[PDB]
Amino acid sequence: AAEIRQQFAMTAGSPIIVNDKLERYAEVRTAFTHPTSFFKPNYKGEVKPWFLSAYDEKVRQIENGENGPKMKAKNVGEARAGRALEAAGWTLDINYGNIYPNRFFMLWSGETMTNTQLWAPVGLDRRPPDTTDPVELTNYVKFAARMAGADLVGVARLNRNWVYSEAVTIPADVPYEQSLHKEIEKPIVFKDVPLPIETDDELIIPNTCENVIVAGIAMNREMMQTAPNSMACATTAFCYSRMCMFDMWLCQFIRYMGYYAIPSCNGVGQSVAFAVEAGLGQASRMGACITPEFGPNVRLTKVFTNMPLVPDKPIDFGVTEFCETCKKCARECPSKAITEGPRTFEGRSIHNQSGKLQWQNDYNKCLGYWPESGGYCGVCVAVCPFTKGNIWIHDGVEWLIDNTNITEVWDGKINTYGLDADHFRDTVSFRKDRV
């Protein structure tokens, strides 16, 4: 896997092609939050917040002994178990994605955390850094990242084009039980200040915030292959909580090294663009970052920091050319959300950011399928050739890409965090591949 990555390393420079129309994107425009897409009917035809209508379908499926849309479970007990596993997975995640910045788990300073308080006498977060060498810092922080649950880790300079212009958040003193009903918009701005700070009016990231560290958190292949049914939902959910723990662990490490760190999970900016710039993978037709190790079957989170670091090289292992002819996700998508046409700089709707060259998908169609199916779908991820274990072959001199139920999952292979020992060697790391 390390050989594959070195082989497809490209020269420095963001591979995302942009034009002069590109503007930063307000987070409220995503299909999850925008008022034009937020409300969906349930199976009874009642208009509700999309996730409430989706809950109605989960209840309906459990009652009827189903694991998904038109997918009968072995029995009601099995149906129940899948949704219990899904719901439990989300334990360390707020309101599907931890997007409110500097709230709950996503604090921009460590000062009030119980861990920081307990460790205060050592003064690790107050002491000036003892290492400023970006080479050594990159090795340290990547080692820490792996301890913190990343299966992949990369570094990029922070491209502000992918930072949301405005965040969706809640007022600071609103407790959790009012959060869903009191969501607001708040600008994210860059200023000459020493530390990340939030005011009544603004989320302020310092101009010194040079870098972004991006983590890939691998999902389980067997469970995702059940998309759009419940076990796909469960591997999705568990990985969101793994993302949260990753962000908290790594931000604390960085702070204890004498720098600042901003967590994000699904908030603050666009993870796919950061991941491509940090060399985890390449953008794809479906819109995900496709990695050599996992294809698109991997979640992303990221941490922003002033810690000096060595940016990784972007990687090009031919995804763009492959997606050009493939279109399997587009054909299998249950909502016809994914385009079969060519890449353009023009967004198909409010949910897309115009001004960058990408495949333009209709993401309101995608979200529409979630209440209908009672899950987070994932069919595109499941059917992508890159998701399958072996797409890689060797032609004698260099690596190249090859041209060509749920009861069973519960009774089948599993290992810690859903990782697969058959492939786990692919993410082994020594100093040579960290920096």
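Start at 1 and count along the sequence shown; that's the residue number.
Judged by the one-third criterion across other entries of this protein, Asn405, modelled here, is also modelled in every one of those that cover both its neighbours. Judged by the one-third criterion across other entries of this protein, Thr33, modelled here, is also modelled in every one of those that cover both its neighbours. Unmodelled residues of the deposited sequence between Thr404 and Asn405: 10 or more. The stretch 392-400 shows the higher mean C-alpha B-factor when 392-400 is compared against 373-381 in the entry. Of the two segments examined, 73-81 and 345-353, it is 345-353 that shows the higher average Cα temperature factor in the deposited entry.
Out of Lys328, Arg255, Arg103, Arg146, it is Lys328 whose C-alpha atom has the highest B-factor in the PDB entry. You'll see in the entry that, of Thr91, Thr114, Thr291, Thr131, the Cα B factor peaks at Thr131.
In the PDB entry, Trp410 places in the lowest third of its chain by CA B-factor. Split the chain's modelled residues into thirds by C-alpha temperature factor. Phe317 is in the highest one. Among all modelled residues in this chain, the alpha-carbon of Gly267 has a temperature factor (C-alpha) in the lowest third. Among all modelled residues in this chain, the alpha-carbon of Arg126 has a temperature factor (C-alpha) in the highest third. The deposited CA B-factor of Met224 belongs to the lowest third of values across its chain.
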